[PDB]
Amino acid sequence: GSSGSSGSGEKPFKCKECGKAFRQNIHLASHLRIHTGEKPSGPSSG
Ligand SMILES: [Zn+2]
């Protein structure tokens with residue numbers, strides 16, 4: 001950790017997985033879902 005900080009963001013809700021910011025608790029909760037599912041290939045032919 002050598003670099004500092006320049007543009008972080010000012011949001012009450014933040015993702016503890018990637019670092020996305022939101023304004024409403026619903027936006028974050030609805031986002032954290034996108035993370036769900038840890039598989040290289042789903043039921044779709046892909
Ligand atoms: Zn995220």
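Residues numbered from 1 in each chain as written, not as in the entry; some residues may be left out. Heavy atoms only, no water.

- This deposited entry lists solution NMR as its structure determination method.

Brief notes about the overall build of the chain
Then, in step 1: Scanning the chain from N- to C-terminus turns up 1 helix and 2 strands.
Then, in step 2: Helices (α) and strands (β) of the chain occur, in sequence order from the N terminus, as β-β-α.
Then, in step 3: In terms of overall dimensions, the chain has a C-alpha envelope of 45 × 30 × 15 Å along the principal axes.
Then, in step 4: Considering the chain as a whole, with its 46 residues, one finds that 9% of them fall into the buried category.
Then, in step 5: Accessible surface for the chain amounts to roughly 4500 Å². Of this, 46% is attributable to carbon and sulfur atoms. (Helix = DSSP H or I, 4+ residues; strand = E, 2+ residues; numbered from the N terminus. Buried < 20%, exposed > 50% of the residue type's maximum accessible area, 1.4 Å probe, protein only. Areas by Shrake-Rupley, 256 points an atom, 1.4 Å probe, with all protein chains shown as cover.)

Focus on the coordination of the zinc ion
Then, in step 1: Surrounding the zinc ion are the protein donor atoms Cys15 (SG), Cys18 (SG), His31 (NE2) and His35 (NE2), which sit 2.0 to 2.4 Å from the metal.
Then, in step 2: Each donor residue of the zinc ion belongs to the same chain, and together they define the spacing C-x2-C-x12-H-x3-H. (Donors = N, O, S within 2.8 Å, 3.2 Å for Na, K, Ca; no water.)

Some words on the side chain of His31
Then, in step 1: With respect to the helices and strands, the residue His31 is situated in helix α1 (residues 25–35).
Then, in step 2: For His31, a relative accessible area of 15% translates into the label buried.
Then, in step 3: The contacts of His31, once residues within four sequence positions are left out, are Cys15, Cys18, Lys20 and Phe22. (Contact = heavy atoms within 4.5 Å.)

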